[PDB]
Amino acid sequence: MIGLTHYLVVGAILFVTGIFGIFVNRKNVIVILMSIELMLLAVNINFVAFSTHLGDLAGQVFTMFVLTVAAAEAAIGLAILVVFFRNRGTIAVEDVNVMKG
Amino acid sequence: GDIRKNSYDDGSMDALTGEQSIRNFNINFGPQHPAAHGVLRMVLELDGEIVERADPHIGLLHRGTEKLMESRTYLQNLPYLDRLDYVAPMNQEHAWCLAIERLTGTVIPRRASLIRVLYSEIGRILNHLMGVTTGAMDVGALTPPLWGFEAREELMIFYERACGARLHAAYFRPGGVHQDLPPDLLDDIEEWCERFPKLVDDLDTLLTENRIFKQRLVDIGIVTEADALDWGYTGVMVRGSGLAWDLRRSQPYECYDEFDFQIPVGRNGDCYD
Amino acid sequence: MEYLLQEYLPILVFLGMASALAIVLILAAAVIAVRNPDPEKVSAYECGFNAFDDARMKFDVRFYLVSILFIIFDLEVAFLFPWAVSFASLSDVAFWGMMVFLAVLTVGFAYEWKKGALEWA
Amino acid sequence: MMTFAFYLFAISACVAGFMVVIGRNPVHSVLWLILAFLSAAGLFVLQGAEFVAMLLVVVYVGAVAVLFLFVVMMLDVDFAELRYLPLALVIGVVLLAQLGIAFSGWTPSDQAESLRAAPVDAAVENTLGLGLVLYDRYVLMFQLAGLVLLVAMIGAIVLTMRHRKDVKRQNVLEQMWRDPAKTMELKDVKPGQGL
Amino acid sequence: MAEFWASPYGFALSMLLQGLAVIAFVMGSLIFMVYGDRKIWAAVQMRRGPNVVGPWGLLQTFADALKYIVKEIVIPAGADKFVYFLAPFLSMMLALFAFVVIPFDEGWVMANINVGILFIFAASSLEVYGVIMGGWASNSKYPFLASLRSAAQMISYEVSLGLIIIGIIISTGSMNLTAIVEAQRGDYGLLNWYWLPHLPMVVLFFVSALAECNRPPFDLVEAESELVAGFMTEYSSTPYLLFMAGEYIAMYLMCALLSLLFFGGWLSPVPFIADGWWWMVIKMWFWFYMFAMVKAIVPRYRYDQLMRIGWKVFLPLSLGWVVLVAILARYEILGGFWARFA
Amino acid sequence: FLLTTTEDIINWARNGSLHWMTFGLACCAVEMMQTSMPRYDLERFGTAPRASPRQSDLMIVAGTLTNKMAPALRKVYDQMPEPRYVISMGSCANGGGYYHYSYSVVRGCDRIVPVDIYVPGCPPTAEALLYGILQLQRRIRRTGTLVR
Amino acid sequence: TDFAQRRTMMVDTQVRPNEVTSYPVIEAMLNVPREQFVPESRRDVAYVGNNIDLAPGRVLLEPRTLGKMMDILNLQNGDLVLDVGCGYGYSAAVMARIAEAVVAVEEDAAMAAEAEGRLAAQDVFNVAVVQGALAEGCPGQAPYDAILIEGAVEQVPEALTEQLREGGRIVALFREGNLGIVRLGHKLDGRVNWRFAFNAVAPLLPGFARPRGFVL
Ligand code: SF4
Ligand SMILES: [Ca+2]
């Protein structure tokens with residue numbers, strides 16, 4: 001029998017996977033952008049799961065706005081990555097390192 | 001005249017553009033390529049599909065014609081001319097005959113002169129039908145070649161009825177033309193001429209004012225008078241730029257003086273003109 | 001839920017069926033046709049001459065900016081589908097709120113167009 | 001069965017998500033990512049949130065394709081041969097375990113039912129239900145979302161826009177205005193006459 | 001048999017039989033679509049087209065299909081082998097899969113879902129991945145160039161595709177495909193169909209459909225004269241057959257959508273003839289005939305010029321139409337000519 | 001019987017769907033093109049052009065094969081999946097023709113690829129080529145198997 | 001003269017299209033000035049697609065021949081290479097940018113001395129020019145990972161192929177009348193096994209002819 005806990009567990013796994021992708025990636029900033037999308041997908045699973053099991057539409061409304069910000073974030077994330085690639089010639093995570101101390 | 005290092009309107013210089021270009025996008029365009037005419041190996045350097053360098057490799061159809069000609073008599077060499085610009089073979093035969101006739105100081109009969117003009121203009125239509133309608137096929141129009149090559153088929157039959165060959169006539173000879181035309185052939189050429197403008201209208205209706213056709217040709221390949229003189233341009237390559245140069249008028253040969261025709265010229269010197 | 005069973009289970013069933021049909025068609029030649037590979041046959045095609053390189057090099061995408069704007073415009077249109085479905089029940093605020101939303105969209109679109117962002121780099 | 005449908009989508013999403021972040025091939029990551037979004041859409045349908053299930057696929061099919069464009073635009077020069085992973089896996093496992101313990105005892109507040117702003121109606125289809133609240137009760141958020149999207153439009157253009165000034169360009173409307181009657185004309189060239 | 005058809009098994013067999021009916025119709029029509037496509041070009045081209053393989057060439061597609069089944073599969077040495085075989089599979093599978101929600105008559109639909117329009121959009125757009133992944137996975141330059149053009153094509157026709165049909169949803173009040181057809185029922189035959197109140201969007205949808213199907217004037221991912229065969233250059237035998245099958249199935253889906261959204265689906269153009277699946281099929285094949293005629297008469301755009309059409313022509317026009325239709329529907333101008341909802 | 005009638009079906013499908021690579025070298029290609037034009041309409045036999053060798057069953061060597069071109073012709077032939085058939089069209093491809101004694105010409109395309117049919121002429125007429133293609137179909141019917 | 005443009009054009013049109021894919025070779029040929037390694041009288045024709053004559057019977061090989069010759073040797077960063085008949089040292093300079101070190105053997109004291117001067121003037125330091133007979137090689141610094149012979153041969157003497165490491169590669173242009181075949185050899189179990197690589201022509205090196213006497 002599938003209850004709320006089943007969906008929350010899936011959400012937690014995707015969320016930790018997406019967080020994990022950010023702080024283990026070294027070679028590509030686009031894959032970090034993919035991990036951020038995994039992290040936000042996990043959030044929507046929570047909101048949809050809570051919404052349907054409570055019988056409330058707010059969580060589904062919240063999901064639509066999370067998608068809006070996810071789209072805006074991807075657009076800006078790719079734009080910032082474009083200007084970095086032009087200035088550095090690479091998009092490796094290990095190359096975003098000039099400033100330190 | 002070198003765009004390999006990209007130049008941007010904001011003056012930006014990318015880090016990679018600074019490095020020396022060792023790993024470029026080079027592609028073999030031909031020989032086995034529908035737009036390459038079978039024997040063109042053009043090496044293209046592309047930058048986001050912008051052509052930055054084009055390096056035609058030719059000779060894939062070099063057959064040593066000029067060497068082979070040195071061990072043959074003048075008559076034995078006449079068929080070699082057919083096979084150079086083989087879309088319109090008798091037009092190429094004409095230069096060989098004219099050169100021999102000039103050196104030998106020979107005058108060809110009047111009827112042979114008229115026949116040479118007749119079949120030279122058949123060749124011009126044979127070529128322009130091929131050029132225009134396969135050019136349309138190069139920009140994606142499937143139908144124009146089918147209509148045009150039906151008219152070519154009829155003209156190739158006029159070739160065969162004059163000499164017995166549809167393409168490589170070997171019909172113009174030093175001293176005139178090999179054989180006289182049957183009277184019924186002249187009737188059929190006249191009948192074909194009455195229909196032909198209708199096909200030209202149909203091709204014009206399909207293509208000339210089509211917006212897609214215009215967007216594929218207008219302002220493409222612009223040639224100025226100065227460009228024409230850089231590269232030895234002749235024919236439509238100069239007339240499209242507005243230079244009313246045509247050897248049939250500027251340096252008349254055969255009996256073209258007594259014919260009535262006009263020279264079309266373009267104003268913009270692009271693919272559309 | 002009945003709606004799930006009556007309407008969505010057939011989608012899942014047909015997804016498997018269409019997949020089986022496509023897979024069987026690939027396996028038909030894999031099992032019947034003669035296989036005779038050799039180094040020249042399996043080399044990359046570049047019109048009769050060897051390729052200069054493979055297709056794993058950087059390539060400038062001159063429509064990159066339009067593709068970023070494609071992502072944004074995708075979300076804008078998404079907000080219209082629930083509005084269009086609910087059109088009969090919309091209140092005055094719900095109706096004119098969308099008009100304001102679409103007006104803000106058009107200001108962004110007019111900014112892109114005037115800037116030149118719709119012309120390829 | 002619902003149990004089979006859940007685990008098909010649940011295992012597909014979780015496995016796909018893992019493959020996105022640990023795989024070495026960025027194009028393979030792109031294809032794993034779209035599988036994760038499709039699997040999550042399957043879960044959304046099972047719960048009766050069909051509109052956001054379908055909206056999610058529509059949005060991320062296009063968005064993931066754009067990601068593929070940037071992967072090949074900025075493809076690394078070492079594709080053929082493309083850390084503290086042990087410690088990282090330990091912190092990830094610890095975080096996942098903590099979340100699992102918190103979800104073991106999950107129970108909503110006893111007031112949660114009475115506080116619902118948009119209670120779901122069995123007789124109303126999901127898309128109609130969302131449309132009844134999205135544009136009236138949440139109208140302020142709806143308008144702010146439009147500005148969030150506008151900021152992305154301005155930012156992307158501000159940050160990146162540039163045009164090559166060394167390539168040949170055509171104005172399409174000027175191409176379509178070219179009059180054949182004006183651009184070509186016949187000339188009466190007399191014999192012997194050059195330019 | 002009553003004791004049977006009510007069980008899980010009789011329920012399971014019913015779905016499988018319904019699924020075979022869709023595959024039979026779509027694949028059976030594929031025999032005559034490829035034939036009919038070629039016959040139409042030939043007729044416009046003063047020639048016959050296939051006329052020897054079977055009577056009047058009617059068995060030509062069987063010969064073509066069989067030829068590929070006994071043709072060798074060549075796998076490029078440098079290709080990404082899993083993605084190489086996934087690309088043709090997705091191309092054919094997803095195009096066929098979209099037909100699960102297509103209704104052909106009253107109650108003749110495998111899945112009657114509330115979001116049928118969005119599901120169509122989801123499945124058709126995911127089908128493009130077959131072209132993008134097929135070109136890239138081959139690992140050769142011509143398929144690689146076509147792969148980028150395919151991504152460009154998606155960005156060109158999808159930005160306004162949703163807006164083009166939003167008007168029909170406003171008038172109907174539903175995304176259910178059957179509901180859209182019922183909204184076009186009335187006492188004036190074809191004058192109740194949506195082609196009339198949404199005449200501009202019929203043109204915009206048809207053109208967008210051509211681009212979505214990689215059909216001329218938007219056959220840019222193959223583009224023989226520029227790219228040899230585009231994304232299919234390195235594909236042979238049945239994997240290549242699947243790409244062609246998917247191209248025609250996707251075309252057939254657009255013919256269904258054109259007829260459902262704008263020409264009343266299975267409704268009769270005249271009151272005195274009955275409604276039924278025959279009207280749906282007649283309209284589908286008229287629109288296929290339009291697909292074939294266009295291929296015979298138009299040249300090819302540059303793919304940057306296709307993007308101009310989508311963003312600077314279709315996007316402003318479709319957006320303007322949605323606003324106009326909303327005002328006309330909101331105020332019931334012309335007595336609800338644009339407001340068909342109850 | 002089963003196997004002979006199976007081969008007959010295979011030979012029927014292969015003859016009725018004989019796709020040829022878009023490959024023309026010289027003035028034999030002009031007549032090859034006329035064979036596909038309305039007067040003859042080669043495609044009405046199911047014999048349609050294909051731009052890519054991966055989708056081609058038939059190569060028509062239509063024109064002179066030079067030494068510089070010979071490796072390119074061999075390569076695209078090697079990239080045809082099997083079965084693959086070759087028609088030699090015209091004197092140059094058949095034996096070198098008018099350029100037989102040249103320093104830069106292959107004296108017959110059968111020095112590079114195996115040939116199934118030779119079509120004589122310089123050029124063969126569009127009808128002569130159509131006859132040659134139908135002789136290839138007779139050859140396949142006579143000797144065709146699953147291998148070729 | 002803008003020799004840089006001529007050098008780039010030579011690589012683009014004479015090396016890249018001739019199945020030379022090794023980017024180390026393309027990088028090296030884009031950087032080593034060919035005109036600095038030809039006699040002064042040949043400086044303006046340094047980038048022509050033909051063999052340059054250095055001395056009677058000796059040439060600087062055509063760019064296509066050298067590009068393909070180096071591309072198939074497949075030189076590694078840790079390789080020690082024997083370049084037989086280095087002439088003025090152009091080939092040694094190109095290989096020096098890829099291999100660890102090069103031993104360049106030249107037989108004409110005039111060219112050997114010029115090779116040292118020109119190699120130094122280009123700041124090439126992993127190339128040693130050793131003066132002596134070409135057919136002998138340089139057995140003092142053997143074994144070598146790769147051997148490049150820069151002129152046509154009829155036979156490669158055993159003494160020369162013994163200086164090749166097991167698993168080493170030797171590339172030589174063989175002459176059979178008017179026909180020239182570049183072959184690539186691999187040392188296996190002590191025997192060098194030769195295979196066809198491509199067709200190219202050059203004059204015969206002195207000392208590599210075959211024994212040809214009376215035949216009835
Ligand atoms: S055989 Fe004759 S017609 Fe054919 S290519 Fe050779 S010269 Fe031209
Ligand atoms: Ca550049």
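Keep in mind that the numbers below use all heavy atoms, side chains included, and drop hydrogens, waters and symmetry copies. In the text below, chain A, chain B and the rest are named by the order of the sequence lines, each starting its count at 1.
- Note that NZ of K187(D) is 13.5 Å distant from CZ of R239(B), once rounded to the nearest 0.5 Å.
- To the nearest 0.5 Å, atom CZ of residue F261(B) and atom CG of residue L186(D) are 12.0 Å apart.
- Closest approach of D47(B) and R164(D) over heavy atoms only: OD2-NH1, 3.8 Å.
- At most 12 heavy atoms of other shown residues, nucleotides or ligands fall within 6.0 angstrom of atom NZ in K182(D).
- Counting heavy-atom pairs under 4.5 Å between each of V265(B), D10(B), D257(B), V238(B) and chain D puts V265(B) at the top.
- Only the side chain of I50(B) comes within less than 4.5 Å of a heavy atom in chain D; its backbone stays farther off.
- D270(B) touches chain D through its side chain: at least one heavy atom from C-beta onward sits under 4.5 Å away, while N, CA, C and O do not.
- Closest non-hydrogen pair, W245(B) versus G194(D), comes out as CZ3-CA, 3.6 Å.
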Start with the C-alpha gap between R162(D) and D14(B), add the side-chain angles, then the distance that decides, and say whether salt bridge (charged side-chain N to carboxylate O under 4.0 Å, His left out) holds. CA-CA 12 Å; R162(D) 64 174 188 186; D14(B) 287 6; 2.8 Å; yes
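- Within the 4.5 angstrom heavy-atom criterion, only side-chain atoms of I220(B), from C-beta onward, approach chain D.
- The CD atom of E185(D) sits 10.0 Å away from atom CD of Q262(B), with the distance rounded to the nearest 0.5 Å.
- More than 12 heavy atoms of other residues, nucleotides or ligands sit less than 6.0 Å from atom CD of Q193(D).
- Interface residue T208(B): only side-chain heavy atoms are found under 4.5 Å from chain D.
- Ion pairing between a basic and an acidic side chain is recognised when a charged N comes within 4.0 Å of a carboxylate O; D219(B) and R178(D) show such pairing.
- Scanning all heavy atoms of the two residues, the minimum distance from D273(B) to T183(D) falls at OD1-OG1, 2.6 Å.
- Residue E194(B) places its CD atom among 12 or fewer non-hydrogen atoms of other residues, nucleotides or ligands, all under 6.0 Å distant.
- The nearest pair of heavy atoms linking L195(D) to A244(B) is CD2-N, 3.6 Å.
- Of all the listed residues (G48(B), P264(B), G11(B)), the one sharing the greatest number of non-hydrogen pairs under 4.5 Å with chain D is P264(B).
- The distance from the NZ atom of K214(B) to the CE atom of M176(D) is 8.0 Å, given to the nearest 0.5 Å.
- Proximity of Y256(B) to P191(D): side-chain heavy atoms (C-beta onward) are nowhere separated by under 4.5 Å.
- In this structure, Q215(B) contributes its side chain and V172(D) its backbone to no donor-acceptor pair below 3.5 Å.
- The 12-atom threshold is exceeded at CD of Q20(B), counting heavy atoms of other residues, nucleotides or ligands nearer than 6.0 Å.
- Heavy-atom distances place the side chain of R23(B), and not its backbone, under 4.5 Å from chain D.
- In this structure, CG on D179(D) lies 13.0 Å from CZ on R267(B), to the nearest 0.5 angstrom.
- Interface remark: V189(D) contributes backbone and side-chain atoms alike to the contact with chain B (heavy atom separation under 4.5 Å).
- Other residues, nucleotides and ligands place no more than 12 heavy atoms under 6.0 Å from the CZ atom of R102(B).
- Within the 4.5 angstrom heavy-atom criterion, only side-chain atoms of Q170(D), from C-beta onward, approach chain B.
- Heavy atoms closer than 4.5 Å to chain B are found nowhere in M73(D), neither backbone nor side chain.
- With rounding to the nearest 0.5 angstrom, the OH atom of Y8(B) is 10.5 Å from the NZ atom of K165(D).
- At a 4.5 Å heavy-atom cutoff, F213(B) makes no contact with chain D through either its backbone or its side chain.
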